[PDB]
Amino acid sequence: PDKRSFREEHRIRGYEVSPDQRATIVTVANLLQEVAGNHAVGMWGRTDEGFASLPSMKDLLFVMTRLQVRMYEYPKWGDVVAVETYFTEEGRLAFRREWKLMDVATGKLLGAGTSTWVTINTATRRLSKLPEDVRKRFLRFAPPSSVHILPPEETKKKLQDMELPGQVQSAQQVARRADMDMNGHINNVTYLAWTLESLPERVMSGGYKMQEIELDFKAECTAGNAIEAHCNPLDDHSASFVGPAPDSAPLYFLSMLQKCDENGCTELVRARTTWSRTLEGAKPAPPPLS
């Protein structure tokens, strides 16, 4: 009744921060994926491949289709932060995993994440309903579906359509054999990292910090595919930051990652990012109310 969530502590490292010594969103996402994977290790153990364990999932795979992270205050280099994660039922096909990024010293809430996970068949990449025998077992580790770290009305919003070519275009990135996790799949955080290279350079230079990100994970690349990143503004004030210029408002951008060959392009990830110059660190409430 209190082991329905999983908590880990990490110290923000020197190579994990931007010049303002604040952890990058890549570093935050890395911590979210590490604690989530360690939650699975605590539940089903450390198997011969790493992913959950394939117990009654021998040909099934958990795939995150939506990730939403809202940041209230970025931790700094040297800070000991705590990442608390849990998952709940989401309909009859999906699961909702959420994260609490917390400062250990003050106990305050630095950021919140929520996500949508489905089960696809490994040998068909097609959706597959977990057997009700199996789903009842996962939910033994789940808190009630009434638990929300972010307002549900502010989650699961459809992303705008991507106008192509993007106004900003990061150079052809090349997939490497290093950018592969232990399962052979490319890392989710790697898609996030490539996606944010398409952003205008004047956004980070202007002192804007990423306040919220909404990612749709649509397709997967492998090996050494060519990868292109496009970015579009979403309102006029954000369009001001594209290229050089001739109580501040927030910026909105829509970025997209795709793999390209001599046949056609295939969209990998789409992301809507919210940018602001100021935020505010908040205060939590414990999940043992269960």
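Note that residue numbering follows the sequence shown and begins at 1.
Undergrad: How many residues that are in the deposited sequence but not in the model lie between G264 and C265: none, 1 to 3, 4 to 9, or 10 or more?
TA: Gap between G264 and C265: none, chain continuous.
Undergrad: I need to verify one thing: averaged over C-alpha atoms only, is the B-factor higher for 277-285 or for 15-23?
TA: Per the deposited B-factors, the answer is 277-285.
Undergrad: Would you determine, from the values in the PDB entry, which of 205-213 and 180-188 has the greater average C-alpha temperature factor?
TA: Looking at the recorded C-alpha B-factors, 180-188 comes out higher on average.
Undergrad: Would you mind checking which of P131, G111, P144, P75 has the top Cα temperature factor in the PDB entry?
TA: Among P131, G111, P144, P75, the PDB entry lists the largest C-alpha B-factor for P131.
Undergrad: Considering only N38, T65, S53, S255, which residue's Cα atom bears the greatest B-factor as recorded?
TA: Among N38, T65, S53, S255, the highest C-alpha B-factor in the entry belongs to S53.
Undergrad: Quick one: classify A193 as lowest, middle or highest third of the chain based on its Cα B-factor.
TA: Middle third of the chain for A193's C-alpha B-factor.
Undergrad: What third of the chain does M43 rank in for C-alpha temperature factor, lowest, middle or highest?
TA: Its C-alpha B-factor belongs to the middle third of this chain's values.
Undergrad: Give the position of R7 by CA B-factor within its chain, expressed as the lowest, middle or highest third.
TA: For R7, the deposited C-alpha B-factor lands in the lowest third.
Undergrad: Mind checking which third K158 falls in for C-alpha B-factor across the chain?
TA: Lowest third of the chain for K158's C-alpha B-factor.
Undergrad: For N30, does the deposited CA B-factor place it in the lowest, middle or highest third of the chain?
TA: It belongs to the lowest third of the chain when residues are ordered by C-alpha B-factor.
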